[PDB]
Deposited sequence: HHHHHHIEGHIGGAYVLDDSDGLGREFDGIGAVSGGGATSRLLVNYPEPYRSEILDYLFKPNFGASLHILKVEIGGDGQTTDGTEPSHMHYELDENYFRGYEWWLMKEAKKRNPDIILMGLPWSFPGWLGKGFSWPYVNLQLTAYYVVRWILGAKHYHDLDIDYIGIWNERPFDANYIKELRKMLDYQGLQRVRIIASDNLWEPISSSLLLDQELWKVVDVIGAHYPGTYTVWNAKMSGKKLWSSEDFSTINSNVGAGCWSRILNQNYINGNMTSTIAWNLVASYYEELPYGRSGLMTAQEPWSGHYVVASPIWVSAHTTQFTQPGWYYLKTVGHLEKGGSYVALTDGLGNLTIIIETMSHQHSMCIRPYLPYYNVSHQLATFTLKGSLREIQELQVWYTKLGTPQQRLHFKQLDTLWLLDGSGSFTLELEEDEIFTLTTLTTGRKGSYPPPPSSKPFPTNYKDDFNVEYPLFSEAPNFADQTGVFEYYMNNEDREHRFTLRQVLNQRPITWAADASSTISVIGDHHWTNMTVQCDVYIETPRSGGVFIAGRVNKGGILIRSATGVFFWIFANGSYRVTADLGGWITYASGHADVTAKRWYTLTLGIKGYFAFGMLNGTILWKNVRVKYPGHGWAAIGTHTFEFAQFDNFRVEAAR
């Protein structure tokens, strides 16, 4: 009915920021090859202050060469004795974010690790000092090569922690003069981390934040007892339609209200991965067409604004926050300098369903809300007003100032369903705008890449999304016909997070493609036992990469060939002998039209009119039989969608 907002009785918990994740996995893959100015606009919509999402926090995967949801991300140590601080795009992303917001808070977390850390096991805790050394090299590198200070380091995404590891990781950070860097654990459930902290003072000393995943707005008693900052360190993961923006809006408030969480971080920052990959379009905005420049500033960018443009890490929540009588919720915060921000949400059950968890139905309906400013707040007479309505929508529209000059220090609102209001003393608010970008367009139906780039800006060719193994630009001075190629660089299975395939593979193009011709030069580096393939109609990737079907055309250095229906090689379409050895350049062609396929070795037919499942559709792809060195060159694809 009436709700009091006051601070004379003290303050709530310190606010830590709203953020998002790049990674887990390859979520930003297709953002790096956006033409300008679009790439830069997209970044502005995410990171520029007083503009778009205006994020406070950027969390990135520390790549371990394993598949980690929508692809793999390259590690800084592929092998023992390898150190390279320039692979992939997270370094870049971090720099672009610091460019726009110098005060952005940066976080790193591993999902997978290179297999060599396991010392013969797929386990990152066999040698604690080795795994810590690995993780600490990354933090050092960020600083030494990119001038990036990493503020928070995690443990092992949604996997078990080892308390001795966390202790070692702290000792190791300190030893390298990284006392400044804080530790967040365990990026999984509230337990066993929370009880672990109450039972072990030494573990308690070295963990600074409890970050939990998909908590459904709630915490647990042990976490409250710990006195640690509590964060939803990964949340959201829902299609950025109105439903998703509704989900985001509700949990932004109710994570603090119900769960005492002082930060929430969305997976993922931006949908820059093929939509047909797992959890497609579940970023705060969409940017999945570098070939066209098309991007969508989706509802969740403006939901974010309603909190980020009007708060900063270091502000405090008030004690007075809660639910509304008739549905929805409200939080309020101050900076302790006379500024006050009020964020109100009325998301209806039906337009705010998150993927994890699903909420039993709850009611929201029209209501009036009366707010009264007691304590050091009574002295406020003017408040700027921002308003969003989800579902025909209006986004982040500024409304006329509200005045409380009567001396009541009180006002009232006509709240309805699926609305958000931000009431703030701050006047910096802005609904940033660039002109609309180009219209969406399918992936090009003729496409070529000869990999001829001597100093590439990124470590991998555009549009190729690795789903097992890691493919890289490769310069080979000692050959002149193939001096610039794409090379698969893993020589052993990673300490996996997902169920990586047994074969490496990178997918590309348009998932709708159904008739297509794929050509590529391939070179097998391993004698006797090596193998490579090219494919089309590849229908699954990411988390599901093991399930992928399609038409796979393999050659091996034992003088043989197989055509399979599946990446796992279980199902045979044709197989035979071929004049193929290791360490020789061969040109593969694969043609698939309706019910039939054919392969050519070096322009000459190897197999014709082999029957294949149809209809079927999916990407094109290149890859290798195991985790083995191989090269590709002069890639082309001609497709019909």
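Taken in order along the deposited sequence, the stretches absent from the coordinates are 1-12, 404-406.
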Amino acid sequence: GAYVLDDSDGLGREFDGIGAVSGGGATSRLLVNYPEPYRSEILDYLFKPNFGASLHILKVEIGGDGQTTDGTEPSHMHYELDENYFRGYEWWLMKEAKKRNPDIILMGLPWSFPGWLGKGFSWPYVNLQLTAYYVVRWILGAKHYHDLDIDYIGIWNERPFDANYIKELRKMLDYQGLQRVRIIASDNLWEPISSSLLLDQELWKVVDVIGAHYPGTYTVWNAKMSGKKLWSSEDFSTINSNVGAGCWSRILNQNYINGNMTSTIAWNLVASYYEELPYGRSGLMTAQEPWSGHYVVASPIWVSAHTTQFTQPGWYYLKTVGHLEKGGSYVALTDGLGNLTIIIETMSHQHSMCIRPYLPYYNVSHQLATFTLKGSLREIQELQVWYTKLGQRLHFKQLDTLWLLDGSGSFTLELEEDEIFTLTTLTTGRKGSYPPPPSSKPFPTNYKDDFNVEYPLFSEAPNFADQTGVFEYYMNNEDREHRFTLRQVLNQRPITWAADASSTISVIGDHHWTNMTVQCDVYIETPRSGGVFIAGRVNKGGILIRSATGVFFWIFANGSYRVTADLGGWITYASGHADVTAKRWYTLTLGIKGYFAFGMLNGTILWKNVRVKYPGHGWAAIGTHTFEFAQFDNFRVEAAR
From here on, numbers count along this sequence of modelled residues.
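Of the other compared PDB entries of this protein that include residues on both sides, at least a third leave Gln392 without atoms. Higher mean CA B-factor, judged across 357-365 and 278-286 from the recorded values: 357-365. Taking the mean C-alpha B-factor of each stretch as recorded, 222-230 and 106-114 are not equal, and the higher mean is that of 222-230.
Annotation for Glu90, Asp466, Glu96, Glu454: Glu454 ranks highest, by Cα B-factor.
Among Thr131, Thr496, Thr264, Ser408, the highest C-alpha B-factor in the deposited entry belongs to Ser408. Ranked by Cα temperature factor within the chain, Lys171 sits in the lowest third according to the deposited record. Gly66: CA B factor lies in the lowest third for its chain, per the PDB record. Placement of the Cα temperature factor of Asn33 within the chain: middle third of the modelled residues, per the deposited record. Per the deposited record, the Cα B-factor of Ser40 falls in the middle third when ranked against the other modelled residues of its chain. The entry lists a Cα temperature factor for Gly17 that places it in the lowest third of the chain's modelled residues.
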